[PDB]
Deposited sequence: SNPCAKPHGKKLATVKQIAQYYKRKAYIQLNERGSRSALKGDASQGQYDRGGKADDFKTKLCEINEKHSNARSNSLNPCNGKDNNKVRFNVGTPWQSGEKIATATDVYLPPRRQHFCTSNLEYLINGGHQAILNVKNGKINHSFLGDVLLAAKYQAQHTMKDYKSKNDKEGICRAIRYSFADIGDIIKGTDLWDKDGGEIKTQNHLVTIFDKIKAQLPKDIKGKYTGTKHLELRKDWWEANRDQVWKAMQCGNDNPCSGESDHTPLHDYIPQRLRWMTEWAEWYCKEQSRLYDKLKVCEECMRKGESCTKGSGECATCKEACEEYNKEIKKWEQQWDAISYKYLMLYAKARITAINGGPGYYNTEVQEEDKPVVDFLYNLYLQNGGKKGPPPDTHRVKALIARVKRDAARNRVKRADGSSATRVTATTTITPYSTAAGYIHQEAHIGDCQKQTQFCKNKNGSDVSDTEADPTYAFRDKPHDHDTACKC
């Protein structure tokens, strides 16, 4: 059972079950707008200024390279200049945050996301070069999918090449699923890392490219899309092309990754903030394990000096992560409260919650997560009066969805079992089995 949830007998609804609810809503929308045939691209029907043969996308998709692109030649390949020092999958890599990273508050950037193979997408429009915009009529969509498939293939292959322990087949797939979803948010325009200049340019190009895609849509289809940034169009483009993008990410893998729904992941239906929060807990547990392993020298005052420095190194480093976890917890707490209040008020149409534009799908996801876990919907009885949960906290969410297997002894993400902290607390000053050991 959940060690961070108050005693409950409610019928549990997992995040994946909500992601499937959003998967169903995504294809219902695309089919009702009848834009699938017009939005689904065929990269073999595109034009590629870098030299690559278009047909390769049909005949030998896993053989495509930097030549099968419309990116400026200075962008040598999608992974060019990304993670030179190779820190991405290093156990203790710090997660950057603040106003310099995201508009949305209390966002922690995954190093895997920081060093992402999207260089081709960044250099599609750069200093005069705009090959993607100069392609023959009716090929912009097809040529765009080519660069998206190339960025996806290179991102997955970069992961297979530099992942910590190649034998961890599940770990590689976990990162490939996160990368797939992150590609989706970049394409959809919902990516949180919006303060980075290169990422700003990538998004500016995506709008310019979608200005042309929309212009080449049929009269009846074109009218169903409104918005300067083409957010609804980009949402439907992703739904129409995400299956191809996923298959491109299996290229060169001796151990291909499974898709839990229709042979594709559900992750790209979970909002980015929640996904990144899950990844944070998983990569903290790796660091907690590394720091716990340094206390092996403390097998026993005296000659326990090597233990005293190991106990304090554990303390100073764990508290560095706890500060990030607190900001993550207190933001999630606010967002869940907003979602629960929306449900108490009767959901959308009955109540418009005050929240950052970036957190609207997060409040919406947690709203359905609340309702499906036993939460009471509908407006209060006084609205239409006639005359005569385990996911309530970020700690509870983590124990339900995140891989915490790497955390040694200190595993509980909440200070208290349901509501001085517990000895099994993840962010404790020292491990509970090393209490007498650290006090030599």
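Participant: Checking coverage: what stretches of the deposited chain sequence are missing C-alpha positions?
Facilitator: Model skips 301 to 311, 400 to 430, 462 to 467 of the deposited chain.
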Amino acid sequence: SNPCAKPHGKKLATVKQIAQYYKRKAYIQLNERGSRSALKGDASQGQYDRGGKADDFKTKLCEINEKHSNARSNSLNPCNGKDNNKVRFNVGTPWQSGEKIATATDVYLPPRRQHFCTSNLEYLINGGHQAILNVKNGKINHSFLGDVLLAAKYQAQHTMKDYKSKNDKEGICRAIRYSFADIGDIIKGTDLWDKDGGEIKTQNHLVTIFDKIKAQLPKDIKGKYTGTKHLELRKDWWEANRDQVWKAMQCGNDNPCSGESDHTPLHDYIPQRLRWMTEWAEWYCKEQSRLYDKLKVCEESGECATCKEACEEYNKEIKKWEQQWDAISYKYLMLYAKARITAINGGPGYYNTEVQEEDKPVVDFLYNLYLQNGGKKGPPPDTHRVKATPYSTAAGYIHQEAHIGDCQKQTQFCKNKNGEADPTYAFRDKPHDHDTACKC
From here on, numbers count along this sequence of modelled residues.
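Participant: For the higher mean C-alpha B factor in the entry, choose 303 to 311 or 226 to 234.
Facilitator: So the stretch with the higher mean C-alpha B-factor is 303 to 311.
Participant: Take the C-alpha B-factors listed in the entry for 394 to 402 and for 379 to 387, compute each mean, and give the stretch with the larger one.
Facilitator: Here the higher of the two C-alpha B-factor means belongs to 379 to 387.
Participant: Could you tell me which one of 249, 217, 281, 175 shows the highest CA temperature factor in the PDB record?
Facilitator: Comparing C-alpha B-factors across 249, 217, 281, 175, the top value belongs to 217.
Participant: Quick one: which of 331, 115, 360, 164 has the biggest Cα B-factor according to the entry?
Facilitator: Max CA B-factor in the entry, restricted to 331, 115, 360, 164: 164.
Participant: Determine, from the deposited record, the chain-internal third of the Cα B-factor for residue 374: lowest, middle or highest.
Facilitator: For residue 374, the deposited C-alpha B-factor lands in the highest third.
Participant: Among all modelled residues of this chain, ranked by Cα B factor, put residue 40 in the bottom, middle or top third, i.e. lowest, middle or highest.
Facilitator: Tercile = lowest for this residue's CA B-factor.
Participant: Of the three thirds of its chain by CA temperature factor, lowest, middle or highest, which one includes residue 242?
Facilitator: It falls in the bottom third of the chain.
Participant: Relative to the other modelled residues in the chain, which third contains the C-alpha temperature factor of residue 71: lowest, middle or highest?
Facilitator: It falls in the middle third of the chain.
Participant: Grab the CA temperature factor for residue 25 from the record and place it in the lowest, middle or highest third of its chain.
Facilitator: For residue 25, whose C-alpha B-factor we compare with every modelled residue in the chain, the answer is the middle third.
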